[PDB]
Each structure stands twice: as C-alpha cells, then as structure tokens.
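Colleague: Take this structure first; my questions come after.
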Amino acid sequence: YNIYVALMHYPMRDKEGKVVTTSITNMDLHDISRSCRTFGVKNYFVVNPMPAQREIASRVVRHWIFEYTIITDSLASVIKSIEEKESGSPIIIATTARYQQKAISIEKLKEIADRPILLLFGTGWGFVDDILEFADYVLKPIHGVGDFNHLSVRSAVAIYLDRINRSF
Amino acid sequence: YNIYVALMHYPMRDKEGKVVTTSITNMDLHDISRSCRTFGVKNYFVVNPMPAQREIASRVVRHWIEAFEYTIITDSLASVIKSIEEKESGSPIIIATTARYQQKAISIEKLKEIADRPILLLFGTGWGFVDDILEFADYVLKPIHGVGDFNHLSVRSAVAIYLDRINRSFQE
Ligand SMILES: C[S@@+](CC[C@H](N)C(=O)[O-])C[C@H]1O[C@@H](n2cnc3c(N)ncnc32)[C@H](O)[C@@H]1O
Ligand SMILES: C[S@@+](CC[C@H](N)C(=O)[O-])C[C@H]1O[C@@H](n2cnc3c(N)ncnc32)[C@H](O)[C@@H]1O
C-alpha cells in the first residue's frame, strides 16, 4: 500500500506539557523530504495551522527547487488530500518515543495494512496524548540500548522508513 | 563490542569530486549525538583539521549541554584512532560509509560476523569521502538503498539508520 508522511506542528506538548503550536524548522523540510523520496513515500505533508509558518515553509521549498512536499494547515486537510489521491481513507498511525501497550510493530503494520498508511510525526516535545489515543494505531517506539531514546524527528523518520523497507 | 562513530570533514568530495574541507554544521553535532546515545555508541568524534572549526564546535557542545566527555572534537582520524586504542587497549576495525556502491561492500549481517573487536564507523560530509578513504578502510558498508532512483540522505539520517540496523542485528 501507499505510504504518506506528515510532519505536524500542532498539537504538541511544551516542556510543561501544555499544548503548543511549533514553528517550522528549515531542515525538517529538506531532510525529511530526502528520506521520504529515498524510501518511496508518495507525498510529504508539512502541517502547521499558522499561516505565517506555512508561508515561510513555502518560500524555503520554492527556492530549494515539485508537487511532492505539500504544505497544509491541518491533519483534517491531510486526510482529505489522501482520499482524493487514493479514493480511500488512510490508516492513521502516530509515532512517539513513549510506551504504549497497544502499540504495534512494523511487521504487524505490514499484516494489518489493508489501505494507504499515513504516518504522523510530531515536533517540539511530541504529540499531546489525544493524538495517540485517537490514532488508528501507534507504532512501537524506536529504542536503543538504555532509557535514552530522544531522537530528532528527522532521525525517527529515517529509521521507521528504513524498517518499513526492510520488512517488505 | 564497543561501537564508535566519527563525523569527518576532510577529505570530502565536491559535486565534481575534487577534494574539499567542509565546515561543521551545528545540527550534525546535536542530532548525531542523540542517535549515538540512543544506540549505545561509546564516543562520538567530530573530526575537522581546521582549528577555527573545532573551536566553534566545542563552544556549541558546551552550550547545548557530566556527558561533556561523550562528544569528542578532534583534528584527524589518526587522533580518533589513538583515542580508541587508549580506551580499548586495541585497534578498532575501520568501516567507512557511502552512498556509492563498492563491489567489496559488506552488509550489516556480515559486519556482525567479522566484528571481533571495537568498531569505528566513519561518516562523511559534503558529497562523501574521496576514493582514498574507501580504499583505506578495513571494510565499507553497503549503501542505504530505498526505491532505486534516489538515495541522497543527510548524514544525520544515515547515522540513525545504520545504528538502528546494527542494534537490531544484535537482537535477531
Ligand atoms: C523531538 S521528538 C519529541 C519526543 C516525544 N517524547 C515523543 O512523543 O516522541 C519529535 C518527534 O520525533 C519522533 N520521535 C523522536 N524519538 C522517537 C522515538 N524514540 N521513537 C519514535 N518516534 C520518535 C516522534 O514523532 C516525535 O513526535
Ligand atoms: C550528504 S552525504 C554525501 C553523499 C555522497 N554521495 C556519499 O555518500 O559518498 C554525507 C554522508 O552521509 C552518509 N550517507 C548519505 N547517504 C547515504 C547512503 N545512502 N548510504 C550510506 N551512507 C550514506 C555517508 O556517510 C556520507 O559520507
């Protein structure tokens, strides 16, 4: 099935756990687009509800040159775009470094994947709990050797897309 | 079974394959140190022969902060090797990484098999290592391959993927 990647800037936690909107990091545009294209992701969505942020990201993308990277305002808008491209609603999969008992592995994702997949990646201190609760699935977190697993969102994307590629 | 990572800035290729000395990108410092720490890498070496770069990078590490001995800014691969040899009482296996397939390339699984001592993983900047480093290394890893018409990742993302692959391979 087709795979889409969305980088979301709302609704994130701040250090104090309060809901925030984050600003766009330039390298998240360039780096994740490259990982997306390397592993055959169909489109890369950059989701920010702040018009000023969307205009900053467009300018960066416009000069760095593609219908490939899509700058949009909301997850609802991402879902609508995929339904027009696929004639089917994506499975909504969120990501987190945090433990979730219901979380599935990449292998399990392969077996349960009966339609397009939308992978959600956060910014700042990561998603509020509501995203994790509402998503169709959460992936098991990337862990390494010990307790520390706080990777950049760019590195988390690269790793997950690699694992998805290995598994097929 | 200790793993070390070195980010190198000389000698690198330009777009036309000529030798260049790249400058230290602040995000390579932070982003690769998180990946190394996640996956239990013993030390992260930042290698730049230009004293001005080492100075800038040292300041960035100090401010971004115990674990001040974790990310090591140094001048040459020779210095990296002498440090590991001191820490490990033995010389590491030198493995280079690149997006260009070499006929002699090994897989992670092969790497696991031949790894009887500490491992030093080399990553480049700019447009990658010149052919001399790939010739000089003990081994060169098969590139990360995806869809087939594109594989230009950032070096931060190549480090993440290779460290995950290696971790997983010692769990499977
Ligand atoms: C700077 S991190 C914030 C980390 C936060 N604790 C979280 O929920 O993952 C930004 C994004 O990168 C991804 N990420 C970072 N580390 C991850 C890990 N170890 N496992 C899965 N995703 C990770 C998640 O998508 C996260 O929203
Ligand atoms: C921006 S890349 C330069 C790419 C260059 N064509 C090369 O790989 O030689 C900088 C570093 O990222 C790493 N890298 C990037 N893409 C890679 C890939 N597909 N496979 C392996 N390493 C990669 C290598 O360590 C490379 O030196």
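As shown in the structure tokens, the chain order sets the letters A, B, ...; within each chain, residues go from 1, and ligands are also counted from 1 in the order they appear.
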Would you mind writing down, as a PyMOL selection string, each residue of chain B that DSSP on the backbone assigns to strand (DSSP E)?

Modeller: chain B and resi 3-8+12-13+19-20+43-47+71-74+93-96+119-123+139-140

Colleague: List all protein, DNA and RNA residues that have at least one atom no more than 10 Å from any atom of ligand 1, counting only C-alpha atoms and all ligand atoms, and write them as JSON, numbers by chain.

Modeller: {"A": [6, 7, 8, 9, 12, 13, 14, 94, 95, 96, 97, 98, 99, 119, 120, 121, 122, 123, 124, 125, 126, 127, 128, 129, 132, 138, 139, 140, 141, 142, 143, 144, 147, 148, 149, 150, 151, 152, 153, 154, 155, 156, 157, 159, 160], "B": [34, 35, 38]}

Colleague: Based on the selection just made, write C-alpha atoms of those residues as a short mmCIF file (atom, residue, chain, number, x, y, z; two decimals), in the first residue's frame.

Modeller:
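This is the output file selection.cif:
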```cif
data_model
loop_
_atom_site.label_atom_id
_atom_site.label_comp_id
_atom_site.auth_asym_id
_atom_site.auth_seq_id
_atom_site.Cartn_x
_atom_site.Cartn_y
_atom_site.Cartn_z
CA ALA A 6 3.02 14.06 7.78
CA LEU A 7 5.12 16.35 9.98
CA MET A 8 2.78 18.12 12.37
CA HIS A 9 3.36 21.28 14.38
CA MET A 12 2.40 19.35 20.60
CA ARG A 13 3.44 19.48 24.24
CA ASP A 14 5.80 22.06 25.64
CA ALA A 94 1.12 8.10 15.16
CA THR A 95 4.67 7.89 16.47
CA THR A 96 6.17 8.54 19.89
CA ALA A 97 9.23 7.72 21.96
CA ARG A 98 6.75 6.91 24.74
CA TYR A 99 5.50 3.43 25.68
CA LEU A 119 2.49 8.12 9.40
CA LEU A 120 2.34 11.07 11.81
CA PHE A 121 5.47 12.64 13.28
CA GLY A 122 5.50 15.35 15.91
CA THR A 123 7.73 18.30 16.72
CA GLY A 124 8.73 20.07 19.90
CA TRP A 125 8.26 17.70 22.83
CA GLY A 126 5.99 15.47 20.74
CA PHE A 127 2.26 14.85 20.47
CA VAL A 128 -0.29 15.51 23.15
CA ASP A 129 -1.89 12.30 24.44
CA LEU A 132 -2.00 8.97 20.49
CA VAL A 138 0.62 3.83 17.36
CA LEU A 139 3.95 2.31 16.33
CA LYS A 140 6.23 0.84 18.96
CA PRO A 141 8.90 3.45 19.79
CA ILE A 142 12.43 3.34 18.50
CA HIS A 143 14.55 2.13 21.38
CA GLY A 144 18.28 1.54 21.53
CA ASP A 147 16.48 4.67 28.70
CA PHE A 148 17.51 7.49 26.37
CA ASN A 149 15.70 7.42 23.02
CA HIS A 150 15.05 11.11 22.27
CA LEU A 151 15.94 11.28 18.59
CA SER A 152 15.25 14.19 16.31
CA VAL A 153 12.10 13.80 14.27
CA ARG A 154 14.35 13.66 11.19
CA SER A 155 16.19 10.60 12.52
CA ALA A 156 12.97 8.92 13.66
CA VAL A 157 11.54 9.26 10.15
CA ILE A 159 14.67 4.83 10.86
CA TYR A 160 10.98 4.00 10.56
CA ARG B 34 21.30 11.87 20.17
CA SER B 35 21.44 8.91 17.79
CA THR B 38 20.17 6.19 21.89
#
```

Colleague: Given only C-alpha atoms as the basis, pick out the residue of A:50, A:158, A:135, A:29 nearest to chain B.

Modeller: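 So, comparing all the options, the nearest one is A:158.
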
Colleague: Using only C-alpha atoms and all ligand atoms, which residues have at least one atom no more than 8 Å from ligand 2? Output them as number ranges by chain.

Modeller: B: 12-13, 96-100, 122-130, 141-145, 151-159

Colleague: Keeping only N, CA and C atoms, take the residues you just selected and write them out as a tab-separated table (two decimals), in the first residue's frame.

Modeller:
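Produced file selection09.tsv, reproduced below:
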```tsv
chain	number	residue	atom	x	y	z
B	12	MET	N	36.78	15.36	1.71
B	12	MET	CA	35.47	15.15	1.12
B	12	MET	C	35.47	15.55	-0.35
B	13	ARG	N	34.53	14.97	-1.10
B	13	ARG	CA	34.30	15.34	-2.49
B	13	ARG	C	33.39	16.56	-2.57
B	96	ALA	N	34.05	2.47	6.64
B	96	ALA	CA	33.56	3.69	6.01
B	96	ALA	C	32.14	3.48	5.51
B	97	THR	N	31.40	4.57	5.39
B	97	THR	CA	30.05	4.57	4.83
B	97	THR	C	30.00	5.50	3.62
B	98	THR	N	29.12	5.20	2.67
B	98	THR	CA	28.97	6.00	1.46
B	98	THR	C	27.69	5.60	0.74
B	99	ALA	N	27.16	6.53	-0.04
B	99	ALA	CA	26.00	6.25	-0.88
B	99	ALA	C	26.37	5.57	-2.20
B	100	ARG	N	27.66	5.51	-2.55
B	100	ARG	CA	28.10	4.87	-3.78
B	100	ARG	C	28.44	3.41	-3.52
B	122	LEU	N	32.82	5.38	10.15
B	122	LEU	CA	33.20	6.67	9.58
B	122	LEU	C	32.06	7.22	8.74
B	123	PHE	N	31.71	8.48	8.97
B	123	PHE	CA	30.73	9.16	8.14
B	123	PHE	C	31.33	10.43	7.57
B	124	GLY	N	30.94	10.77	6.34
B	124	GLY	CA	31.47	11.94	5.67
B	124	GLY	C	30.50	13.12	5.66
B	125	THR	N	30.98	14.22	5.08
B	125	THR	CA	30.15	15.41	4.86
B	125	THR	C	30.36	15.85	3.41
B	126	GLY	N	29.77	16.99	3.06
B	126	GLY	CA	29.79	17.42	1.67
B	126	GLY	C	29.16	16.34	0.81
B	127	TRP	N	29.91	15.88	-0.21
B	127	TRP	CA	29.44	14.84	-1.11
B	127	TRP	C	30.09	13.48	-0.84
B	128	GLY	N	30.62	13.28	0.36
B	128	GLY	CA	31.12	11.99	0.78
B	128	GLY	C	32.63	11.88	0.69
B	129	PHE	N	33.12	10.72	1.09
B	129	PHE	CA	34.56	10.50	1.10
B	129	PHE	C	35.11	10.50	-0.32
B	130	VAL	N	36.35	10.96	-0.45
B	130	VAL	CA	37.11	10.70	-1.67
B	130	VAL	C	37.44	9.22	-1.71
B	141	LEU	N	30.62	-0.25	4.09
B	141	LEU	CA	29.27	-0.80	4.22
B	141	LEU	C	28.50	-0.58	2.93
B	142	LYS	N	27.70	-1.57	2.57
B	142	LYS	CA	26.71	-1.41	1.51
B	142	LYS	C	25.89	-0.15	1.77
B	143	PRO	N	25.63	0.67	0.76
B	143	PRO	CA	24.88	1.91	0.98
B	143	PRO	C	23.47	1.60	1.41
B	144	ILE	N	22.84	2.59	2.04
B	144	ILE	CA	21.40	2.53	2.28
B	144	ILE	C	20.70	2.73	0.95
B	145	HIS	N	19.88	1.75	0.57
B	145	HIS	CA	19.16	1.76	-0.69
B	145	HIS	C	17.66	1.75	-0.42
B	151	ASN	N	18.78	8.20	-3.33
B	151	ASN	CA	19.28	7.71	-2.02
B	151	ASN	C	20.12	8.78	-1.32
B	152	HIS	N	19.92	10.04	-1.67
B	152	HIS	CA	20.70	11.17	-1.11
B	152	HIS	C	20.18	11.56	0.26
B	153	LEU	N	20.54	10.81	1.28
B	153	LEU	CA	20.09	11.18	2.63
B	153	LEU	C	21.09	12.20	3.19
B	154	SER	N	20.69	12.87	4.27
B	154	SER	CA	21.62	13.61	5.10
B	154	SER	C	22.47	12.62	5.88
B	155	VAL	N	23.62	13.09	6.37
B	155	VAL	CA	24.49	12.20	7.14
B	155	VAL	C	23.89	11.92	8.50
B	156	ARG	N	23.13	12.88	9.05
B	156	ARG	CA	22.44	12.63	10.31
B	156	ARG	C	21.52	11.43	10.19
B	157	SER	N	20.75	11.38	9.11
B	157	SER	CA	19.84	10.28	8.86
B	157	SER	C	20.54	8.97	8.48
B	158	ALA	N	21.71	9.03	7.82
B	158	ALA	CA	22.43	7.78	7.57
B	158	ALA	C	22.98	7.19	8.87
B	159	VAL	N	23.44	8.03	9.79
B	159	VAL	CA	23.93	7.53	11.08
B	159	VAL	C	22.79	6.85	11.84
```

Colleague: Can you work out which one of A:66, A:44, A:39, A:137 has the shortest atom-to-atom distance to chain B, counting only C-alpha atoms?

Modeller: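 Nearest to chain B: A:39.
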
Colleague: Nearest residue to chain A out of B:50, B:6, B:134, B:41, using only C-alpha atoms?

Modeller: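 Of all the options, B:41 lies closest to chain A.
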
Colleague: What does the structure give for the distance between atom CA of residue B:74 and atom CA of residue B:48, in Å to one decimal?

Modeller: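 Between atom CA of residue B:74 and atom CA of residue B:48 the gap works out to 6.4 Å.
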
Colleague: What is the atom CA of residue B:167-atom CA of residue B:138 distance in Å, reported with one decimal?

Modeller: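 Going from atom CA of residue B:167 over to atom CA of residue B:138, I get 20.7 Å.
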
Colleague: For a quick check of understanding, using only C-alpha atoms, which of B:93, B:106, B:46, B:61 has the smallest distance to residue B:79?

Modeller: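 Going through B:93, B:106, B:46, B:61 one by one, the smallest distance to residue B:79 is for B:46.
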
Colleague: Between atom CA of residue B:4 and atom CA of residue B:120, measure the distance and give it in Å to one decimal.

Modeller: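 We find that atom CA of residue B:4 and atom CA of residue B:120 lie 4.7 Å from each other.
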
Colleague: List as a ChimeraX atom specification the protein and nucleic acid residues near residue A:114, meaning an atom at most 9 Å away when only C-alpha atoms are counted, but skip any in the same chain fewer than 3 places from it.

Modeller: /A:1,91,110-111,117

Colleague: Could you dump the residues just selected with C-alpha atoms as a short mmCIF file (atom, residue, chain, number, x, y, z; two decimals), in the first residue's frame?

Modeller:
```
data_model
loop_
_atom_site.label_atom_id
_atom_site.label_comp_id
_atom_site.auth_asym_id
_atom_site.auth_seq_id
_atom_site.Cartn_x
_atom_site.Cartn_y
_atom_site.Cartn_z
CA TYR A 1 0.00 0.00 0.00
CA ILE A 91 -4.87 4.29 8.33
CA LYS A 110 2.55 -4.88 7.26
CA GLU A 111 0.00 -7.57 8.15
CA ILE A 117 -0.84 4.41 5.51
#
```

Colleague: When distances are computed from only C-alpha atoms, which of A:76, A:24, A:71, A:145 shows the smallest separation from residue A:90?

Modeller: A:76

Colleague: Neighbouring residues of residue A:43 were defined as those with any atom within 12 Å, considering only C-alpha atoms; residues of the same chain fewer than 4 positions away were excluded. Please report them as an MDAnalysis selection string.

Modeller: chainID A and resid 2:7 32:39 66:71 78 81:82 85:86 116:119

Colleague: If you count only C-alpha atoms, which residues fall within 12 Å of residue B:3, apart from same-chain ones fewer than 3 positions away, as a VMD selection string?

Modeller: chain B and resid 6 36 to 37 39 to 45 84 87 to 88 92 to 95 111 to 112 115 to 122 162 to 163 166 to 167

Colleague: Can you write just those residues out, N, CA and C atoms, as a tab-separated table (two decimals), in the first residue's frame?

Modeller:
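Writing the result to result_14.tsv gives the following:
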```
chain	number	residue	atom	x	y	z
B	6	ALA	N	32.59	8.43	13.97
B	6	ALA	CA	33.35	9.63	13.67
B	6	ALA	C	32.70	10.35	12.50
B	36	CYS	N	23.73	8.51	18.55
B	36	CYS	CA	24.77	7.74	19.21
B	36	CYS	C	24.35	7.32	20.62
B	37	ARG	N	23.80	8.27	21.39
B	37	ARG	CA	23.44	7.97	22.78
B	37	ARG	C	22.28	6.97	22.84
B	39	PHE	N	21.67	4.60	20.79
B	39	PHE	CA	22.08	3.26	20.39
B	39	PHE	C	23.36	2.81	21.07
B	40	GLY	N	23.75	3.44	22.17
B	40	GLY	CA	24.85	2.93	22.97
B	40	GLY	C	26.24	3.09	22.37
B	41	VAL	N	26.42	3.96	21.38
B	41	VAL	CA	27.76	4.29	20.87
B	41	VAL	C	28.60	4.82	22.02
B	42	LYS	N	29.88	4.41	22.07
B	42	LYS	CA	30.70	4.72	23.23
B	42	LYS	C	31.22	6.14	23.20
B	43	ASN	N	31.64	6.64	22.03
B	43	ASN	CA	32.01	8.05	21.87
B	43	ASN	C	31.70	8.52	20.46
B	44	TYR	N	31.35	9.79	20.35
B	44	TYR	CA	31.08	10.44	19.07
B	44	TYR	C	32.21	11.42	18.81
B	45	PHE	N	32.96	11.18	17.73
B	45	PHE	CA	34.10	12.02	17.36
B	45	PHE	C	33.70	12.96	16.22
B	84	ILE	N	40.64	5.72	20.80
B	84	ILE	CA	40.03	4.40	20.92
B	84	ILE	C	41.04	3.38	21.42
B	87	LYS	N	41.36	3.80	24.97
B	87	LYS	CA	40.18	3.39	25.72
B	87	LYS	C	39.99	1.88	25.68
B	88	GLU	N	40.39	1.22	24.60
B	88	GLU	CA	40.04	-0.18	24.38
B	88	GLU	C	41.22	-1.13	24.49
B	92	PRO	N	40.66	-0.50	16.52
B	92	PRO	CA	39.32	-0.79	16.01
B	92	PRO	C	39.35	-1.22	14.55
B	93	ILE	N	38.27	-1.88	14.14
B	93	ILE	CA	38.03	-2.15	12.73
B	93	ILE	C	37.46	-0.89	12.09
B	94	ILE	N	38.10	-0.41	11.04
B	94	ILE	CA	37.74	0.85	10.41
B	94	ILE	C	36.75	0.57	9.28
B	95	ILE	N	35.53	1.10	9.41
B	95	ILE	CA	34.47	0.89	8.43
B	95	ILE	C	33.97	2.24	7.95
B	111	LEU	N	29.05	-7.58	8.74
B	111	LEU	CA	29.74	-6.79	9.75
B	111	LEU	C	29.65	-7.46	11.11
B	112	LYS	N	28.44	-7.86	11.51
B	112	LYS	CA	28.26	-8.60	12.75
B	112	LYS	C	29.20	-9.80	12.83
B	115	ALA	N	33.08	-8.93	13.29
B	115	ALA	CA	33.33	-7.93	14.33
B	115	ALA	C	33.80	-8.62	15.60
B	116	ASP	N	35.11	-8.85	15.70
B	116	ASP	CA	35.70	-9.48	16.87
B	116	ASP	C	36.38	-8.47	17.80
B	117	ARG	N	36.23	-7.18	17.53
B	117	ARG	CA	36.89	-6.15	18.32
B	117	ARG	C	36.11	-4.84	18.19
B	118	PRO	N	36.52	-3.75	18.86
B	118	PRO	CA	35.79	-2.48	18.69
B	118	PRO	C	35.70	-2.04	17.24
B	119	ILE	N	34.61	-1.35	16.93
B	119	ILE	CA	34.30	-0.92	15.57
B	119	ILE	C	34.28	0.60	15.53
B	120	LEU	N	34.95	1.18	14.54
B	120	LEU	CA	34.89	2.61	14.28
B	120	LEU	C	34.17	2.83	12.97
B	121	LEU	N	33.01	3.48	13.03
B	121	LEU	CA	32.20	3.78	11.86
B	121	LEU	C	32.49	5.21	11.43
B	122	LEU	N	32.82	5.38	10.15
B	122	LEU	CA	33.20	6.67	9.58
B	122	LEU	C	32.06	7.22	8.74
B	162	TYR	N	21.96	3.36	10.20
B	162	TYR	CA	22.99	2.34	10.40
B	162	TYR	C	23.07	1.89	11.85
B	163	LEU	N	22.94	2.83	12.80
B	163	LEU	CA	22.96	2.45	14.21
B	163	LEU	C	21.76	1.59	14.58
B	166	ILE	N	22.30	-1.93	13.10
B	166	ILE	CA	23.30	-2.70	13.83
B	166	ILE	C	22.72	-3.18	15.15
B	167	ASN	N	22.06	-2.27	15.87
B	167	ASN	CA	21.36	-2.65	17.09
B	167	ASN	C	20.42	-3.82	16.85
```
